[PDB]
Amino acid sequence: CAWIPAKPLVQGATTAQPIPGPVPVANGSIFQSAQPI
Amino acid sequence: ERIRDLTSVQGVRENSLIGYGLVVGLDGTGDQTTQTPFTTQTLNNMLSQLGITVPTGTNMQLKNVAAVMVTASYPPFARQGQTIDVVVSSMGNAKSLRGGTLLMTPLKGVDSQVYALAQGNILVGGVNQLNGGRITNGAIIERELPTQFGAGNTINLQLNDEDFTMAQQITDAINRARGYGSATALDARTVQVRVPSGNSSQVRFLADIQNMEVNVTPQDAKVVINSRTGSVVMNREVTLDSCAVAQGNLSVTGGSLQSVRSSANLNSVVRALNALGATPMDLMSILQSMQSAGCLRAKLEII
Amino acid sequence: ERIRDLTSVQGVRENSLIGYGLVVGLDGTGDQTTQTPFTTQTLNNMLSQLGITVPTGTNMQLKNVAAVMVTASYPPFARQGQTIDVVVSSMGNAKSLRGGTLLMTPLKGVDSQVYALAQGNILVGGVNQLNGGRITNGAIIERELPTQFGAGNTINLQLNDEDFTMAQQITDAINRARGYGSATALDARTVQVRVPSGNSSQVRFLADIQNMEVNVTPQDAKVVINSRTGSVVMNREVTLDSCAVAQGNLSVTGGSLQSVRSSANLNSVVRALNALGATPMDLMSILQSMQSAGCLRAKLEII
Amino acid sequence: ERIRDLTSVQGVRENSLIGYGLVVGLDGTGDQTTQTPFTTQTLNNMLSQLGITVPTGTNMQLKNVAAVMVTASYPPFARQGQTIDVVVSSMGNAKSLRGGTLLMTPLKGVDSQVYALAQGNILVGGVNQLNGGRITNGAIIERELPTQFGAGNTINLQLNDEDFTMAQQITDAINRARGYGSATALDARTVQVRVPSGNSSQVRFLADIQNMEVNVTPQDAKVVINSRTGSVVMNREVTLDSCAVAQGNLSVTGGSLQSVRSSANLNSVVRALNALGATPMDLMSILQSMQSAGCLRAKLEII
Amino acid sequence: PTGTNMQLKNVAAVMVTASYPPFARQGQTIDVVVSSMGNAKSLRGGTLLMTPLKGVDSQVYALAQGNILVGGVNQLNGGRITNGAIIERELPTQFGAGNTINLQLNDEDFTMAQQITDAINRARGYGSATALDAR
């Protein structure tokens, strides 16, 4: 029957929340690199 | 006179600002708008912001408008309301920017935030470049950048060129001028100076430091060759051994081998090299082969 | 004479104003209206505001009308009724603006609000630019901007160029002229001055400060090269070491190497460089290679 | 003689008036009516108001009629019946306005209400502009604008240029002429003057103030460059340091570097600059590079 | 919009090379070399926009912007900008730790290394220096 529950092929959350960047250090540089891999 | 001409203060640095703008008032030297659609598109954007809504689809051929990029240098400790100079460079296929006028242009850094607004008149020298110009005091600062200056008790002086001996001389000069624990050498282009707390004390300390005089120790011997401009510049510390030089279409004023004696002074090196009687273009090959043979003592750098 | 020629007052700054207008009365030098539809569209808008409703669809070919952009500088502490000068630049494909007349034009800032109305006659010099002009007292201020001047007890003076020594000299001059706690140096281009409350006291304090005389300390040695205009300007603090210079098509008045002695004074530097006998175009490459070799002591900036 | 030549009274300002009209009586120099439909449309409107109803559809080719725009300046405190001058500029594709006659034309401001009616004869000088002219006393004022003058007890004088020192000098001059609490300086181009109530007392006070003599303090050093007209104008306060100047096709009367000594007086600056022997076109690039190097002391403005 | 053609005459694609100095601090300036790629004619009186400078680790270390100086035979597609780039990332070093430091000769020679070791030993002290190998 169609009313029988079934897991989808793509499980879990299907979207992600962006994370705000870190607080920039108050040096003399406009360039503020994030933490690199 | 010497500290300010050899070192830089930590946290005191410039930045780069870029922006996009338009130049009007040209005498028929603007770019072809049929090949550059961004000029007409941004003109429609400017008119729509002003209040004029042109219809789409209709062609526009312009001769007095040129799309340009604007570059600027953000000075240290900048305040809003101050003025800086900008450089205006044409993009696309414009002919010249003679007697042009730059409209309003936001200047943004790498953080995609505005820092200055630029508007003024372009000065072209009028051979000379025609698609580039410079505007004096053409931009106004409108965003200030917070600094860490004033806090802490240590400040680093950064040398322009790395040298352990020069850093030791700078540290010894500061120590004999101010006190025992005034300065500490960290590495070959970093000297740490202890300063009291407060902004006024640090400003007074830096004003006393920057005008000090320090003897400059002899540096590394180095010979620089620029083949693109055809220039060869030697140094005061360059020495020479004795060797033999052979070169095409060169002879003794009558064999093909010319002997170069060992030289210690710079004037002896210049005299020995001018005895060969070669062009600078040939002298580049002579100096490269001499450095490969080990007769030349200085290090060779090709810029 | 020196404070007003080196520093700026906080909260005292200019602004930029832009607007769009039309120029009539030309002698057949207007733009092609068949290629610029915004000219005919704005003319129809002006006639419809005035009361004339032209039908659509019909073609209009004009020779005496040119679409222009108007730029202006908003002065500090501006009052309504005052007059400022404007710059009129042609957009599109107009030929010349000789003997033109600018109609009414709103001048708006970045906040999309009006601040001035412009109307007048364009003066062209009549080589000379033909699509650009300037109108003296062509715009009238009609909106005033509120200011924070008068409140508080501290006012910042902002230097044109960053220097700890110059800021210390300015602070010491104000302290020896007025009193002990009159001024305080914050950073290299910011000096904070304590003033009494009230507008009249601050105006009187600034009038006494701005005409003070302060000796100018020696600055950083710097050599500026403008390759677009072909100019090289040196500074009074530029020194030189001893090195050797080789350059294409150059020789001693007879070898290819020319020796330059070490120089401290500026006149010695000029004499040593004129001994080479090179053009300024070649001198740019010579100075760049000399700065790379370290024989040149000043910092090199290419504008 | 000095107050009236440096300041303006609050509430005393001019305005702008615009209108649309027709010029007849031309000797075959009118615009092409086949390309400008608004001329024939407004002619039909004028005839229909007069009483002549031409049929539609039929073509009309005219040679003596030209559509024009009329501009005027509304004077302060204007009364109905007074006369002002107007400027008449041709729109469309007319040839010349020689010996023309302007018909009745309403002159409206930005509030879309009439203020003056214009009618007269156009004077053209007869190179000279042909599509522009000026009529002396060609318009009659017919609407008066209410003013706030006469009420209150304070009146603001607005300076033409912002200066704390000049405003202090004006306030001190008024205080030493009239009384202790006569004037108060608000900001750098605003001085508040206390006046008694009533129109006659304020008129008498302004008549005594406006003819006062006040010494003019030295101003900021400034160098103005107009590249469109090819003019460079310096100021009396411009000073110079010692530097070196290199420029293409220039030499000492024989090296390429020319030395400029430090100069304080204006005559010394003129003598040092004329020693270079350069054209004004080259002098613009020299002055811009000198201001970038810091040898030039005045601020540089490009108009 | 995409699809529309753009023909330009004032823009040239270039590659920028630079040398990272030892013990570099952020805010310092270095010189860069600008070389044209593609089919450009000349770089006379050009201006370089913002350019990230990356090493072999694919991380940025400097930002470059300035004006190109060409001598103006001479090369036309190559130029050099003095102080055209600003350092913005510092590299940690092992200097300062430990008690031994190696001096590396430019050319290999046992005799020259012995002479250098003997000179340091007669200047400073007995166990001041030790020769490991020929350079």
# chains A, B, ... in the order shown; residues from 1 in each chain; ligands from 1

$ residues_around --residues "residue 112 in chain C" --least-positions-apart "6" --cutoff "12 Å" --atoms "only C-alpha atoms" --output "JSON, numbers by chain"
{"B": [46, 48, 49, 50, 51], "C": [17, 18, 19, 106]}

$ residues_around --residues "residue 60 in chain E" --least-positions-apart "6" --cutoff "12 Å" --atoms "only C-alpha atoms" --output "PyMOL selection string"
(chain A and resi 31-36) or (chain E and resi 20+51-54+86-91)

$ write_last_selection --atoms "N, CA and C atoms" --output "CSV table (one decimal), in the first residue's frame"
chain,number,residue,atom,x,y,z
A,31,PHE,N,42.6,43.0,4.8
A,31,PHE,CA,42.6,41.6,4.4
A,31,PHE,C,42.5,40.8,5.7
A,32,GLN,N,41.5,40.0,5.8
A,32,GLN,CA,41.2,39.2,7.0
A,32,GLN,C,41.0,37.7,6.5
A,33,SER,N,42.0,36.9,6.5
A,33,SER,CA,41.9,35.6,6.0
A,33,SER,C,41.2,34.7,7.1
A,34,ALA,N,40.3,33.8,6.7
A,34,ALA,CA,39.8,32.8,7.6
A,34,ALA,C,40.8,31.7,7.8
A,35,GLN,N,40.4,30.8,8.7
A,35,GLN,CA,41.3,29.7,9.0
A,35,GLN,C,41.4,28.7,7.8
A,36,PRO,N,42.5,28.5,7.2
A,36,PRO,CA,42.6,27.7,6.0
A,36,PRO,C,42.8,26.2,6.4
E,20,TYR,N,59.3,35.7,-1.9
E,20,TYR,CA,59.0,35.8,-0.5
E,20,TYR,C,60.3,35.9,0.3
E,51,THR,N,45.7,41.4,-7.2
E,51,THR,CA,46.1,40.0,-7.6
E,51,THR,C,46.6,39.2,-6.4
E,52,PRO,N,45.9,38.1,-6.0
E,52,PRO,CA,46.5,37.3,-5.0
E,52,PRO,C,47.7,36.5,-5.4
E,53,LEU,N,48.7,36.4,-4.5
E,53,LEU,CA,49.9,35.7,-4.8
E,53,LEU,C,50.0,34.5,-3.9
E,54,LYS,N,49.9,33.3,-4.5
E,54,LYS,CA,49.9,32.1,-3.8
E,54,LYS,C,51.2,31.3,-4.0
E,86,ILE,N,52.1,43.7,-1.0
E,86,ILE,CA,52.1,43.8,0.4
E,86,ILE,C,52.0,42.4,1.0
E,87,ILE,N,52.9,42.1,1.9
E,87,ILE,CA,52.8,40.8,2.6
E,87,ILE,C,51.6,40.8,3.6
E,88,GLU,N,50.9,39.7,3.6
E,88,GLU,CA,49.7,39.6,4.5
E,88,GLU,C,49.6,38.2,5.2
E,89,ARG,N,50.6,37.4,5.1
E,89,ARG,CA,50.7,36.1,5.9
E,89,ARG,C,52.1,35.8,6.3
E,90,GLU,N,52.3,35.5,7.5
E,90,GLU,CA,53.6,35.2,8.1
E,90,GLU,C,53.9,33.7,8.2
E,91,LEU,N,55.1,33.3,8.0
E,91,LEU,CA,55.4,31.9,8.0
E,91,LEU,C,56.2,31.6,9.3

$ closest_residue --among "B:243, B:47, B:183, B:62" --to "chain C" --atoms "only C-alpha atoms"
B:62

$ select_by_dssp --residues "range 36-156 of chain D" --states "strand (DSSP E)" --output "PyMOL selection string"
chain D and resi 66-74+83-90+101-108+114-121+132-141+154-156

$ closest_residue --among "C:213, C:27, C:85, C:14" --to "chain B" --atoms "only C-alpha atoms"
C:14

$ select_by_dssp --residues "range 125-264 of chain B" --states "alpha helix (DSSP H)" --output "MDAnalysis selection string"
chainID B and resid 164:177 199:210
